[PDB]
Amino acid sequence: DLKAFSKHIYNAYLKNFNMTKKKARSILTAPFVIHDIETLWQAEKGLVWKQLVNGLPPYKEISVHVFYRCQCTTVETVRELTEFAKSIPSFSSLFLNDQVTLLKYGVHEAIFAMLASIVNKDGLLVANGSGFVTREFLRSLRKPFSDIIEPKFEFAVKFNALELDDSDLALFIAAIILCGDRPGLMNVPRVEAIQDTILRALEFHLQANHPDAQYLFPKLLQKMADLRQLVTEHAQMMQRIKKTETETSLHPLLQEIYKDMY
């Protein structure tokens, strides 16, 4: 039951996410360092990116260009999360409208949790591990673009202190997506039931994987609550950008995610 449950989730996680925390940590211990405008330019000229630069919206400025690259990665991680979720039998058993509801309100929490895997206190990996953008450079962007980034590093460094591996994260992320609290859900009892099974699997798994860790399971439950507050603040900053940065393009999928959030 729960052992094979977890194992199926773990394989779904390995199957659908290109960058795993294992791969990321090895690199973070070399990548081209982006820390100013010149190295950013060189990086765009020199590094392979998943989305091609001319494919981005028309250029406006440096801070906005960075934002577009963040937005590109966000949308790509949504696609991965969707296929990850669909690789879970109980998720695909849900009516398609409930699937969309869970992803809509779940993906950003899952993204910011997984983000910690490619983050340290000095910056984060970009371009599939080919580059490393410094936290200080991201801090130097003009508001509101620098403001929307720093809160994630703060969460990330604290989160990495728990020292989860990929197998723990697969269950953690599954639990975030299969959440019975999401607005507009049709079959709440069914999602609550799946959520409960995942959380049992998570505890079972952590007992085995981290036998000497103390209070880790309730600590992770608190991280789930923390991520909700993080995403609320994020959505508020995105609404601010929408209203005060009219020249900045917003990806339509992300726009569909944000119109009913406060």
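The first residue of the shown sequence is 1; numbering continues from there. The term rigid core refers to the most C-alpha atoms you can superpose between the two forms while keeping them within 1.5 Å.
Asks: Any chance you could tell me whether 40-48 or 221-229 drifts more in 7 other deposited structures of this protein, judged by RMS CA distance from this form after superposing on the core?
Replies: It is 40-48 whose C-alphas lie farther from the shown form in 7 other deposited structures of this protein.
Asks: Thinking of the other compared PDB entries, is residue 58 one of those residues unmodelled in at least a third of them?
Replies: No, modelled in all of them.
Asks: Going by the PDB record, how many residues of the deposited sequence fall between residue 214 and residue 215 without any coordinates: none, 1 to 3, 4 to 9, or 10 or more?
Replies: Count of unmodelled residues in between: none.
Asks: As stated in the PDB record, which stretch has the larger average Cα B-factor, 97-105 or 124-132?
Replies: Averaged over C-alpha atoms, the B-factors run higher in 124-132.
Asks: So, looking at the entry's B-factor column for Cα atoms, which has the higher mean, 1-9 or 251-259?
Replies: The recorded data point to 1-9.
Asks: Identify, among 150, 192, 166, 76, the residue whose C-alpha carries the highest B-factor in the deposited PDB entry.
Replies: In the PDB entry, the greatest C-alpha B-factor among 150, 192, 166, 76 is found at 150.
Asks: For the C-alpha B-factor as written in the entry, point me to the maximum among 66, 202, 40, 48.
Replies: Reading the PDB entry, the winner on C-alpha B-factor is 48.
Asks: Considering only modelled residues of the same chain, in which third does the CA B-factor of residue 24 rank: lowest, middle or highest?
Replies: For residue 24, whose C-alpha B-factor we compare with every modelled residue in the chain, the answer is the middle third.
Asks: Please place residue 210 in the lowest, middle or highest third of its chain according to the CA B-factor in the PDB entry.
Replies: Its C-alpha B-factor, which the entry lists for residue 210, ranks in the highest third among residues of this chain.
Asks: Lowest, middle or highest third: where is residue 236 by Cα B-factor in its chain?
Replies: Tercile = middle for this residue's CA B-factor.
Asks: Taking the C-alpha B-factors as the PDB entry records them, is residue 54 in the lowest, middle or highest third of its chain?
Replies: CA B-factor rank for residue 54: highest third.
Asks: C-alpha B factor of residue 88, ranked within the chain: lowest, middle or highest third?
Replies: Tercile = highest for this residue's CA B-factor.
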